[PDB]
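**Q** Right, I'll just put the structure down here and ask away after.
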Amino acid sequence: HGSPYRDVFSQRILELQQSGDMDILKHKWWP
Amino acid sequence: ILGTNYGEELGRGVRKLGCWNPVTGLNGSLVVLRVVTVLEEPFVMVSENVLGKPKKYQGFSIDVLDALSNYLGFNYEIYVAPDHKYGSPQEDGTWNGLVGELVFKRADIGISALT
Amino acid sequence: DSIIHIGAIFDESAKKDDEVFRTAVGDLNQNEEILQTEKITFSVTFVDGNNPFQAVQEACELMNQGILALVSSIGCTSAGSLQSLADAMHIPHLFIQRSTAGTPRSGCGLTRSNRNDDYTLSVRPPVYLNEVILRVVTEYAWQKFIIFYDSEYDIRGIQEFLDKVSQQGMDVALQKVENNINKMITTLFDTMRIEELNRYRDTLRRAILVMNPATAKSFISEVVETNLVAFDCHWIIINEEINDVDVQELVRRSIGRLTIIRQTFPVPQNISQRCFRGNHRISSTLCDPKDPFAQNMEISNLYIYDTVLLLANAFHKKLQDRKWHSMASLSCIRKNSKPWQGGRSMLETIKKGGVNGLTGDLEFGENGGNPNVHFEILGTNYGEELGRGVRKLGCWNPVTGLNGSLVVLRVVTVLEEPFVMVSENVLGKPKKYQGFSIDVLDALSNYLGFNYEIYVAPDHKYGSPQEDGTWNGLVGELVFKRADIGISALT
Amino acid sequence: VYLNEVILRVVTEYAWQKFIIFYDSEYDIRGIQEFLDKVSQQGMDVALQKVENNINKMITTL
């Protein structure tokens, strides 16, 4: 509850989805 | 001030265009587009994938853009739409897919098979 | 009787160089180890440093009195004329370049005729401003910025930097800042509009100030007051000479991020070894950093002290090797003007000298210039807890380059495939986790540059919420703040 | 020296907005400082480049 690392995590989650680095992971555990 | 000219009749050469001095001055008269796209072969097809994301796009829509680009003489960059959605009426709020990127202005043009 | 006599030519602005020069002669004449039986005497003349004929004439009068070496503290305008005179007369010339009004130094670019032997030794190091600034902008990944320079700055000093940024495709604007800033900015608001103004404000988000500290302080205040910059701005100020008072005032007048790059001097730390170099004792006024004079010393003043220390060691070696050549009364621009016969041997003895002083180590390379220099890089920070302030980010020197770049999270997880999956059990409990969630965590750890340790939740479940709002499991670990972050498929 | 004034008038007549200034190894760029300030005030994209005395190496390296 309250954290200064929250902001950079939410930014990185968007950034992984947008880069398509997140899309490789889905195929990996889910072919 | 000297200047070149050319015609088929005269060929190459040079002539006096004008003069300048500090008193009377001069005498004698002398964009990048942002493309949001949605991946769906064969309209936009990935020709080369680097770290699970396309780097070079091929297909019918990209060739049409190379014809458009040469005529207006604009250059572009292509990034993939992160949501993998084309967009359609959102009553839940904000526009998703290609349509939301243009509405909120995160691209200038959208190249896809958007009905 | 004195056989050791040196001459000095100072610009009219260099009164502090004269004070330190006289103090350095005083300190050496009290040192029994160096020049054991001989006192150093001197003749000093002040000249208009923009009059090269006056500089030559007065230097010639000192040579008529008879000197072993000529020390100069002067700008580039008369430097070429003194160097060519020293070459003609065979008088060793110890040249301390002064900048005009605290402007960043640029190379003189005198291009002295190389047909004759060079009697000039350049006491201050090469100008490395262009190299240092290039390294710092590269580290910050800058691609578009503006360079603001003062009215006295020689832009040939950044020509190499401009070529390099252009080769890398950067959008680099130049602008001279007039000595009167208010008129330049006031004229700007009157002529421009909202679009243009937004564009100028964007341009001012990243800037480099190549200017004296006084102009930079005025320039920063005026743009801050007129709201042309904001908290997201990042300005770099570079100059060899910015004192601690100047640094604090620059940080105080600035909003956003400020990087300050200035020359630093690698002197001993211990209080005892501060005012001593071996057995040479330095006057307290120059070496004690709590003395008001020492804190207000110019950079040129430090080099002048070390120059006198170097000359005394050279003269000492020449007298202890039975190679002394007496000084001669020389005449300039006469029918039988002749160089000093002792000059070539004295120049070579001085050139291979080296001393530990107020600048660190003073010595000369083969090219006749001092090679030694160190820059420090300071930077602002902000939190609600600390407020405004400044700290040392790093160091730069031309040998080792840039040094110094410009928490452990407690992770609770719950095993639940395929989000959290045990890749390695050691003693029946996980060491390595893999999974959809974990791969996102390893993209987080590497990217934000944090370290972690992962432990399971006390039951590998999110648990049930106990009566009165009490939580257990993984969730209770977040509420009781017993885990920093939770990596799981937590709903 | 009126080089800076003359060049400004000519670029203005041709309606130039983006260009590169190539200068020799002996040119003093303080001679165009006023021209550079003026083009910047008008929002132009102006590149500078020194041309080395040996051109082939500069272009071959390119």
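Letters A, B, ... mark the chains of the structure tokens in the order given; residue numbers begin at 1 per chain; ligand numbers begin at 1, in order shown.
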Please identify the strand (DSSP E) residues within region 287-407 of chain C (assignment by DSSP from backbone atoms) and present them as a PyMOL selection string.

**A** chain C and resi 354-356+361-363+374-383+387-397+401-403

**Q** Could you list, as a ChimeraX atom specification, every residue within 8 Å of residue 31 (chain D), counting only C-alpha atoms and ignoring same-chain residues fewer than 3 positions away?

**A** /D:1,3-4,28,34

**Q** Kindly export the residues of the current selection with N, CA, C and O atoms, as a tab-separated table (two decimals), in the first residue's frame.

**A**
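Result written to again-v6.tsv:
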chain	number	residue	atom	x	y	z
D	1	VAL	N	33.83	42.98	-43.74
D	1	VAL	CA	33.38	41.69	-44.20
D	1	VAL	C	31.87	41.66	-44.15
D	1	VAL	O	31.27	41.79	-43.08
D	3	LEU	N	30.03	39.12	-45.80
D	3	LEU	CA	29.66	37.78	-46.24
D	3	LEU	C	28.37	37.27	-45.61
D	3	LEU	O	27.49	36.77	-46.30
D	4	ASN	N	28.23	37.46	-44.28
D	4	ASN	CA	27.07	37.07	-43.49
D	4	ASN	C	25.77	37.76	-43.91
D	4	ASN	O	24.73	37.13	-44.00
D	28	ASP	N	37.28	31.16	-40.34
D	28	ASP	CA	36.93	31.56	-39.00
D	28	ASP	C	35.40	31.66	-38.97
D	28	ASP	O	34.80	32.56	-39.57
D	34	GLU	N	26.56	35.71	-36.73
D	34	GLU	CA	25.36	36.50	-36.90
D	34	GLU	C	24.34	35.86	-37.84
D	34	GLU	O	23.15	35.86	-37.60

**Q** What's the separation between CA of residue 378 (chain C) and CA of residue 213 (chain C), in Å to one decimal place?

**A**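 Atom-to-atom, CA of residue 378 (chain C) to CA of residue 213 (chain C), that is 14.7 Å.
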
**Q** Do me a favour and pick out the residues of chain D within 9 Å of chain C, using only C-alpha atoms, as a compact mmCIF listing (two decimals) with C-alpha atoms, in the first residue's frame.

**A**
# COMPACT_ATOMS: atom_id res chain seq x y z
CA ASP D 28 36.93 31.56 -39.00
CA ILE D 29 33.28 30.61 -38.20
CA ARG D 30 32.87 33.80 -36.09
CA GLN D 33 27.92 33.74 -36.15
CA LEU D 36 23.64 31.42 -37.61
CA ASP D 37 21.76 33.45 -34.98
CA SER D 40 17.93 29.98 -35.80
CA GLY D 43 13.38 28.39 -37.22
CA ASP D 45 17.29 23.54 -40.00
CA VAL D 46 20.94 24.57 -40.61
CA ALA D 47 23.75 22.03 -40.40
CA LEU D 48 27.46 22.93 -40.13
CA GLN D 49 30.34 20.84 -41.34
CA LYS D 50 34.05 21.53 -41.74

**Q** Starting from chain A, keep only residues with some atom at most 10 Å from an atom of chain C, counting only C-alpha atoms, and report them as a ChimeraX atom specification.

**A** /A:1,3,5-6,8-9,12-13,16,21-22,25-26,28-30

**Q** Using only C-alpha atoms, please write the residues we just selected to a file, as a CSV table (one decimal), in the first residue's frame.

**A**
chain,number,residue,atom,x,y,z
A,1,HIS,CA,0.0,0.0,0.0
A,3,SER,CA,5.1,2.2,-3.4
A,5,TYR,CA,8.2,1.3,-7.8
A,6,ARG,CA,4.5,0.9,-8.9
A,8,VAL,CA,7.8,2.1,-13.3
A,9,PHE,CA,6.1,-1.5,-13.2
A,12,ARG,CA,7.1,-1.6,-18.1
A,13,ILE,CA,4.0,-3.8,-18.5
A,16,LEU,CA,6.5,-5.2,-22.9
A,21,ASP,CA,8.2,-9.0,-25.9
A,22,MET,CA,5.1,-10.0,-24.0
A,25,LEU,CA,5.9,-15.3,-23.7
A,26,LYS,CA,2.3,-16.3,-24.4
A,28,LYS,CA,6.2,-20.0,-25.0
A,29,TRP,CA,4.0,-21.3,-22.1
A,30,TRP,CA,1.0,-21.4,-24.5

**Q** Would you compute the distance between CA of residue 266 (chain C) and CA of residue 360 (chain C)? Give it in Å to one decimal.

**A** 5.1 Å
